[PDB]
$ cat input27.csv   # CSV, C-alpha atoms and all ligand atoms
chain,number,residue,atom,x,y,z
A,1,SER,CA,-36.0,-48.7,-5.0
A,2,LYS,CA,-38.3,-49.7,-2.1
A,3,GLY,CA,-36.7,-48.7,1.2
A,4,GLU,CA,-33.9,-46.9,-0.4
A,5,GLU,CA,-36.2,-44.1,-1.6
A,6,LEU,CA,-36.9,-43.2,2.0
A,7,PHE,CA,-33.2,-42.1,2.4
A,8,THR,CA,-32.7,-39.6,-0.4
A,9,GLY,CA,-33.0,-36.6,1.9
A,10,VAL,CA,-32.3,-35.7,5.5
A,11,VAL,CA,-34.1,-38.1,7.9
A,12,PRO,CA,-34.7,-37.4,11.6
A,13,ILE,CA,-33.3,-40.1,14.0
A,14,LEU,CA,-34.4,-41.1,17.5
A,15,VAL,CA,-32.5,-43.6,19.6
A,16,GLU,CA,-33.8,-45.0,22.9
A,17,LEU,CA,-31.8,-47.5,25.0
A,18,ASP,CA,-32.4,-49.2,28.3
A,19,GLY,CA,-29.3,-50.9,29.7
A,20,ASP,CA,-28.1,-53.0,32.7
A,21,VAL,CA,-24.4,-53.5,33.1
A,22,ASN,CA,-23.5,-55.7,36.2
A,23,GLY,CA,-26.7,-54.5,37.8
A,24,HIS,CA,-26.1,-50.8,37.1
A,25,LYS,CA,-29.3,-49.7,35.3
A,26,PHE,CA,-29.4,-46.7,33.0
A,27,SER,CA,-31.2,-45.2,29.9
A,28,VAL,CA,-30.0,-43.2,27.0
A,29,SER,CA,-32.0,-41.1,24.6
A,30,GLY,CA,-30.6,-39.6,21.4
A,31,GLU,CA,-31.8,-37.3,18.7
A,32,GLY,CA,-30.3,-36.1,15.4
A,33,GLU,CA,-30.5,-36.6,11.7
A,34,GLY,CA,-29.0,-38.6,8.9
A,35,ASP,CA,-28.2,-38.1,5.2
A,36,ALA,CA,-27.3,-41.4,3.7
A,37,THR,CA,-26.5,-39.7,0.4
A,38,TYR,CA,-23.4,-38.5,2.2
A,39,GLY,CA,-23.1,-41.5,4.6
A,40,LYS,CA,-23.5,-38.9,7.3
A,41,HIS,CA,-25.3,-38.8,10.6
A,42,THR,CA,-25.2,-36.5,13.6
A,43,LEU,CA,-26.6,-37.2,17.0
A,44,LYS,CA,-26.7,-36.0,20.6
A,45,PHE,CA,-27.2,-38.6,23.3
A,46,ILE,CA,-28.2,-37.9,26.9
A,47,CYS,CA,-28.1,-40.3,29.9
A,48,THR,CA,-31.6,-39.7,31.2
A,49,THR,CA,-31.1,-41.5,34.4
A,50,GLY,CA,-28.1,-39.6,35.8
A,51,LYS,CA,-24.5,-40.6,35.3
A,52,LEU,CA,-23.7,-43.2,32.7
A,53,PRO,CA,-22.2,-46.3,34.5
A,54,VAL,CA,-20.0,-47.2,31.5
A,55,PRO,CA,-17.9,-45.1,29.2
A,56,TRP,CA,-19.7,-43.4,26.4
A,57,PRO,CA,-17.4,-44.9,23.7
A,58,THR,CA,-18.5,-48.4,24.7
A,59,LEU,CA,-22.1,-47.6,23.6
A,60,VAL,CA,-21.3,-46.1,20.2
A,61,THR,CA,-21.8,-49.2,18.1
A,62,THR,CA,-25.1,-50.0,19.9
A,63,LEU,CA,-26.5,-46.5,19.6
A,64,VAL,CA,-28.4,-47.1,12.3
A,65,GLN,CA,-26.4,-48.7,9.5
A,66,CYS,CA,-29.2,-47.7,7.1
A,67,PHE,CA,-27.5,-44.3,6.9
A,68,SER,CA,-24.4,-45.8,5.3
A,69,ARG,CA,-23.5,-44.5,1.8
A,70,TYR,CA,-23.7,-47.4,-0.7
A,71,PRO,CA,-22.0,-46.4,-3.9
A,72,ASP,CA,-24.3,-46.7,-6.9
A,73,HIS,CA,-22.5,-49.8,-8.2
A,74,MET,CA,-23.2,-51.5,-4.8
A,75,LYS,CA,-26.8,-50.5,-4.4
A,76,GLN,CA,-28.0,-54.1,-4.8
A,77,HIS,CA,-26.1,-55.0,-1.6
A,78,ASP,CA,-27.8,-52.5,0.8
A,79,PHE,CA,-29.7,-54.8,3.0
A,80,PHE,CA,-30.4,-52.1,5.6
A,81,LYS,CA,-32.4,-49.7,3.5
A,82,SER,CA,-34.1,-52.6,1.7
A,83,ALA,CA,-35.8,-53.7,4.9
A,84,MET,CA,-37.4,-50.3,5.4
A,85,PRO,CA,-39.8,-49.0,6.4
A,86,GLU,CA,-40.9,-52.2,8.4
A,87,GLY,CA,-37.3,-52.5,9.6
A,88,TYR,CA,-34.9,-55.0,11.0
A,89,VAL,CA,-33.8,-56.6,14.3
A,90,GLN,CA,-30.2,-56.0,15.0
A,91,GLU,CA,-28.7,-58.3,17.6
A,92,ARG,CA,-25.1,-58.3,18.9
A,93,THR,CA,-22.7,-59.9,21.3
A,94,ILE,CA,-19.8,-57.7,22.1
A,95,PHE,CA,-16.9,-59.4,23.9
A,96,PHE,CA,-14.6,-56.9,25.7
A,97,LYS,CA,-11.2,-58.7,25.7
A,98,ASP,CA,-10.2,-59.8,29.2
A,99,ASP,CA,-13.4,-58.3,30.6
A,100,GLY,CA,-17.2,-58.7,30.3
A,101,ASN,CA,-19.7,-58.7,27.5
A,102,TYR,CA,-22.6,-56.8,26.2
A,103,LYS,CA,-25.6,-58.5,24.5
A,104,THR,CA,-27.9,-56.1,22.6
A,105,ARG,CA,-31.2,-56.5,20.8
A,106,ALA,CA,-32.5,-53.5,18.8
A,107,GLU,CA,-35.4,-52.8,16.4
A,108,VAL,CA,-34.6,-50.2,13.7
A,109,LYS,CA,-37.6,-49.0,11.7
A,110,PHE,CA,-39.6,-46.0,10.7
A,111,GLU,CA,-42.2,-44.4,13.0
A,112,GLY,CA,-43.8,-41.9,10.8
A,113,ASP,CA,-41.1,-40.0,9.0
A,114,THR,CA,-38.5,-40.7,11.8
A,115,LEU,CA,-35.9,-43.5,11.8
A,116,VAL,CA,-36.0,-45.1,15.3
A,117,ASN,CA,-33.4,-47.3,16.9
A,118,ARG,CA,-34.8,-48.9,20.1
A,119,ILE,CA,-32.4,-51.1,22.1
A,120,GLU,CA,-32.1,-53.3,25.2
A,121,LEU,CA,-28.6,-53.8,26.4
A,122,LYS,CA,-27.4,-56.3,29.0
A,123,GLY,CA,-23.8,-56.4,30.2
A,124,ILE,CA,-22.4,-59.0,32.5
A,125,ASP,CA,-19.1,-60.1,34.1
A,126,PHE,CA,-17.3,-56.8,33.9
A,127,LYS,CA,-14.3,-56.3,36.3
A,128,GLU,CA,-14.9,-53.5,38.8
A,129,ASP,CA,-11.5,-51.9,38.0
A,130,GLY,CA,-11.3,-53.0,34.4
A,131,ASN,CA,-11.3,-50.4,31.7
A,132,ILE,CA,-15.1,-50.3,31.4
A,133,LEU,CA,-16.3,-50.1,35.0
A,134,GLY,CA,-13.2,-48.2,35.9
A,135,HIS,CA,-13.8,-45.6,33.2
A,136,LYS,CA,-10.3,-45.9,31.7
A,137,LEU,CA,-11.4,-45.3,28.1
A,138,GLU,CA,-10.4,-42.1,26.3
A,139,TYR,CA,-13.2,-40.0,24.9
A,140,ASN,CA,-12.4,-40.7,21.2
A,141,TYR,CA,-13.1,-43.2,18.6
A,142,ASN,CA,-11.1,-45.1,15.9
A,143,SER,CA,-12.0,-45.8,12.3
A,144,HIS,CA,-13.1,-49.4,11.5
A,145,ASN,CA,-14.1,-51.9,8.8
A,146,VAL,CA,-17.4,-53.6,9.4
A,147,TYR,CA,-17.5,-56.9,7.6
A,148,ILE,CA,-20.9,-58.1,6.1
A,149,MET,CA,-22.0,-61.3,4.7
A,150,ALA,CA,-25.4,-62.7,3.7
A,151,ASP,CA,-27.2,-65.2,5.9
A,152,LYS,CA,-29.7,-66.5,3.3
A,153,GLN,CA,-31.3,-69.0,5.8
A,154,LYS,CA,-32.3,-66.1,8.1
A,155,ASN,CA,-33.1,-63.8,5.1
A,156,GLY,CA,-30.6,-61.4,6.6
A,157,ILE,CA,-27.0,-60.6,7.3
A,158,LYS,CA,-24.2,-61.7,9.6
A,159,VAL,CA,-21.7,-58.9,10.5
A,160,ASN,CA,-18.4,-59.0,12.4
A,161,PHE,CA,-15.8,-56.5,13.3
A,162,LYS,CA,-13.3,-55.6,16.1
A,163,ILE,CA,-13.5,-52.2,17.8
A,164,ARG,CA,-10.3,-50.7,19.1
A,165,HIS,CA,-11.0,-48.5,22.1
A,166,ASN,CA,-8.0,-46.3,23.2
A,167,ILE,CA,-7.2,-46.6,26.9
A,168,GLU,CA,-5.9,-43.6,28.9
A,169,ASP,CA,-2.5,-45.2,29.4
A,170,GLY,CA,-1.8,-45.8,25.7
A,171,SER,CA,-3.1,-49.3,25.6
A,172,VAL,CA,-6.0,-50.7,23.5
A,173,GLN,CA,-9.2,-52.3,24.8
A,174,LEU,CA,-10.5,-54.6,22.0
A,175,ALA,CA,-14.3,-55.2,21.7
A,176,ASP,CA,-15.1,-58.1,19.3
A,177,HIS,CA,-18.5,-57.6,17.7
A,178,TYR,CA,-20.7,-60.5,16.5
A,179,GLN,CA,-23.9,-59.2,14.8
A,180,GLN,CA,-27.0,-60.6,13.1
A,181,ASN,CA,-29.7,-58.6,11.4
A,182,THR,CA,-33.1,-60.0,10.2
A,183,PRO,CA,-36.0,-58.2,8.7
A,184,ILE,CA,-39.1,-57.5,10.7
A,185,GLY,CA,-41.5,-57.6,7.8
A,186,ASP,CA,-42.0,-60.5,5.4
A,187,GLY,CA,-41.2,-58.7,2.1
A,188,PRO,CA,-38.1,-59.3,0.1
A,189,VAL,CA,-34.7,-57.8,1.1
A,190,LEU,CA,-31.4,-57.4,-0.6
A,191,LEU,CA,-29.0,-60.1,0.4
A,192,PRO,CA,-25.5,-58.9,-0.2
A,193,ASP,CA,-22.2,-60.2,-1.5
A,194,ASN,CA,-19.4,-60.0,1.0
A,195,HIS,CA,-18.3,-56.4,1.6
A,196,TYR,CA,-17.5,-54.0,4.4
A,197,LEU,CA,-18.5,-50.6,5.7
A,198,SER,CA,-15.6,-48.1,6.3
A,199,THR,CA,-16.5,-46.0,9.4
A,200,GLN,CA,-15.2,-43.0,11.1
A,201,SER,CA,-16.6,-41.3,14.2
A,202,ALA,CA,-15.9,-38.0,16.1
A,203,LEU,CA,-17.0,-37.6,19.7
A,204,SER,CA,-17.6,-34.2,21.3
A,205,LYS,CA,-19.4,-32.3,24.0
A,206,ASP,CA,-22.1,-29.7,24.0
A,207,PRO,CA,-20.5,-26.8,26.1
A,208,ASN,CA,-24.0,-25.8,27.2
A,209,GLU,CA,-25.1,-29.3,28.5
A,210,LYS,CA,-24.7,-30.2,32.2
A,211,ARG,CA,-26.3,-33.7,31.8
A,212,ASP,CA,-24.0,-36.6,31.0
A,213,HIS,CA,-24.0,-36.7,27.2
A,214,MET,CA,-22.2,-37.5,24.0
A,215,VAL,CA,-22.3,-35.6,20.6
A,216,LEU,CA,-21.4,-37.9,17.7
A,217,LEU,CA,-20.6,-37.2,14.0
A,218,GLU,CA,-20.2,-40.3,11.9
A,219,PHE,CA,-19.4,-41.1,8.3
A,220,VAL,CA,-19.8,-44.5,6.8
A,221,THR,CA,-19.2,-45.8,3.3
A,222,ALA,CA,-19.7,-49.2,1.8
A,223,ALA,CA,-16.8,-50.7,-0.1
A,224,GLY,CA,-15.0,-53.9,-1.1
A,225,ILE,CA,-16.8,-54.6,-4.4
A,226,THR,CA,-15.2,-53.1,-7.6
B,301,MG,MG,-28.4,-40.9,-5.0
B,302,MG,MG,-2.9,-42.5,23.0

$ encode --input "input27.csv" --output "structure tokens"
Amino acid sequence: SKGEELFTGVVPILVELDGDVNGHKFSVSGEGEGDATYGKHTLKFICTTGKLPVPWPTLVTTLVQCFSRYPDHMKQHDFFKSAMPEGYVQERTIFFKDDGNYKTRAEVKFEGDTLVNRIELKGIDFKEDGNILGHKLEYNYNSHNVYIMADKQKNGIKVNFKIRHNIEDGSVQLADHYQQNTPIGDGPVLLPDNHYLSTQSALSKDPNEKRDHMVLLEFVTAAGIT
């Protein structure tokens, strides 16, 4: 189908983020590839401005749900690919419990044969010795369910989920995600029935990289319709 046909093979991915958290300005660039056939993508991210002022794990959700594997019997519910190549706007508010919040605006679209995620991130009202600005988050990542519903009035989707970030003392830092996606182009898109994406993510380091960086391996599969 339109859009989906662009994802049958391996697709290069570029991610570019500019961020400001409590006045700490930074940029991140990522490169990698995705194979939606297998719900798989791999990326390496670099902080191009120096040291990242927030923990890497807090940026994972912000840093391409078009690479999710939609089972054949759910293909009519894949909004993300249906909006391609023109793309979609992905906006979030991320509430860190007992701490500050991120607001993000991204455009995800093809530039030539590459899938590009371009993001502006703004974080405010973080505690200086909270888990975020105090860098108390472990370098790992849990598996989540990402809940999706149609937003027919916006010709898009509404998405909600709760990220669990492990803290170095055994506790959990919750990050409540509220998300909206709307197409950039004016063509038709697939508006889905309620369903979810099951995610899993592995964080690692490149032993040959001296810059502040994150290597990510992610698998995502749509479910919840039988
Ligand atoms: Mg196929
Ligand atoms: Mg633990």

$ residues_near_point --input "input27.csv" --point "(-44.0, -59.5, 9.1)" --cutoff "12 Å" --atoms "only C-alpha atoms" --output "list in words"
residues 83, 84, 85, 86, 87, 88, 89, 182, 183, 184, 185, 186, 187 and 188 of chain A

$ residues_around --input "input27.csv" --residues "residue A:159" --least-positions-apart "2" --cutoff "6 Å" --atoms "only C-alpha atoms" --output "list in words"
residues 147, 148 and 179 of chain A

$ residues_near_ligand --input "input27.csv" --ligand "ligand MG 302 (chain B)" --cutoff "9 Å" --atoms "only C-alpha atoms and all ligand atoms" --output "VMD selection string"
chain A and resid 138 166 to 172

$ residues_near_ligand --input "input27.csv" --ligand "ligand MG 301 (chain B)" --cutoff "12 Å" --atoms "only C-alpha atoms and all ligand atoms" --output "ChimeraX atom specification"
/A:1,4-9,35-39,69-75

$ closest_residue --input "input27.csv" --among "A:175, A:146, A:225, A:163" --to "residue A:197" --atoms "only C-alpha atoms"
A:146

$ closest_residue --input "input27.csv" --among "A:150, A:203, A:66, A:28" --to "residue A:221" --atoms "all atoms listed in the file"
A:66

$ axis_aligned_box --input "input27.csv" --around "stretch 5-13 of chain A" --padding-each-side "8 Å" --output "lines of an AutoDock Vina configuration file"
center_x = -34.6
center_y = -39.9
center_z = 6.2
size_x = 20.6
size_y = 24.4
size_z = 31.6

$ closest_residue --input "input27.csv" --among "A:130, A:195, A:200, A:105" --to "residue A:226" --atoms "all atoms listed in the file"
A:195

$ atom_distance --input "input27.csv" --atom1 "atom CA of residue A:162" --atom2 "atom CA of residue A:82"
25.5 Å

$ closest_residue --input "input27.csv" --among "A:108, A:202, A:17, A:54" --to "residue A:80" --atoms "all atoms listed in the file"
A:108

$ closest_residue --input "input27.csv" --among "A:107, A:206, A:128, A:212" --to "residue A:181" --atoms "only C-alpha atoms"
A:107

$ closest_residue --input "input27.csv" --among "A:155, A:142, A:114, A:48" --to "residue A:19" --atoms "only C-alpha atoms"
A:48

$ atom_distance --input "input27.csv" --atom1 "atom CA of residue A:109" --atom2 "atom CA of residue A:3"
10.5 Å

$ residues_near_point --input "input27.csv" --point "(-29.4, -44.4, 30.4)" --cutoff "10 Å" --atoms "all atoms listed in the file" --output "list in words"
residues 16, 17, 18, 19, 20, 24, 25, 26, 27, 28, 29, 45, 46, 47, 48, 49, 50, 51, 52, 53, 54, 212 and 213 of chain A

$ atom_distance --input "input27.csv" --atom1 "atom CA of residue A:134" --atom2 "atom CA of residue A:23"
15.0 Å

$ residues_around --input "input27.csv" --residues "residue A:124" --least-positions-apart "5" --cutoff "9 Å" --atoms "all atoms listed in the file" --output "list in words"
residues 20, 21, 22, 23, 100, 101, 102 and 103 of chain A

$ build_atoms --input "input27.csv" --residues "stretch 57-68 of chain A" --atoms "N, CA, C and O atoms" --output "compact mmCIF listing (two decimals), in the frame of the given file"
# COMPACT_ATOMS: atom_id res chain seq x y z
N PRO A 57 -17.89 -44.20 24.91
CA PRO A 57 -17.40 -44.90 23.70
C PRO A 57 -17.87 -46.34 23.60
O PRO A 57 -18.02 -46.85 22.50
N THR A 58 -18.08 -47.01 24.75
CA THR A 58 -18.50 -48.40 24.70
C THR A 58 -19.90 -48.60 24.14
O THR A 58 -20.20 -49.73 23.76
N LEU A 59 -20.68 -47.53 24.06
CA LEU A 59 -22.10 -47.60 23.60
C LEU A 59 -22.21 -47.14 22.14
O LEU A 59 -23.30 -47.28 21.56
N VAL A 60 -21.17 -46.60 21.51
CA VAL A 60 -21.30 -46.10 20.20
C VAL A 60 -21.88 -47.06 19.18
O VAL A 60 -22.83 -46.74 18.47
N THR A 61 -21.32 -48.26 19.09
CA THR A 61 -21.80 -49.20 18.10
C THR A 61 -23.26 -49.58 18.33
O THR A 61 -24.04 -49.84 17.37
N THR A 62 -23.69 -49.64 19.57
CA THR A 62 -25.10 -50.00 19.90
C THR A 62 -26.04 -48.91 19.49
O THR A 62 -27.12 -49.17 18.93
N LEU A 63 -25.68 -47.65 19.83
CA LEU A 63 -26.50 -46.50 19.60
C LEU A 63 -26.56 -46.14 18.08
O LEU A 63 -27.60 -45.76 17.55
N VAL A 64 -27.41 -47.49 13.37
CA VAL A 64 -28.40 -47.10 12.30
C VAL A 64 -27.65 -47.19 10.99
O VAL A 64 -27.51 -46.22 10.24
N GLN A 65 -27.21 -48.40 10.67
CA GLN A 65 -26.40 -48.70 9.50
C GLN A 65 -27.10 -48.47 8.16
O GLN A 65 -26.45 -48.44 7.10
N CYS A 66 -28.41 -48.26 8.20
CA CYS A 66 -29.20 -47.70 7.10
C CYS A 66 -28.72 -46.37 6.61
O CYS A 66 -29.09 -46.01 5.47
N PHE A 67 -27.96 -45.60 7.37
CA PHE A 67 -27.50 -44.30 6.90
C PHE A 67 -26.10 -44.40 6.19
O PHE A 67 -25.56 -43.36 5.78
N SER A 68 -25.57 -45.61 6.02
CA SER A 68 -24.40 -45.80 5.30
C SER A 68 -24.51 -45.32 3.82
O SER A 68 -25.56 -45.51 3.21
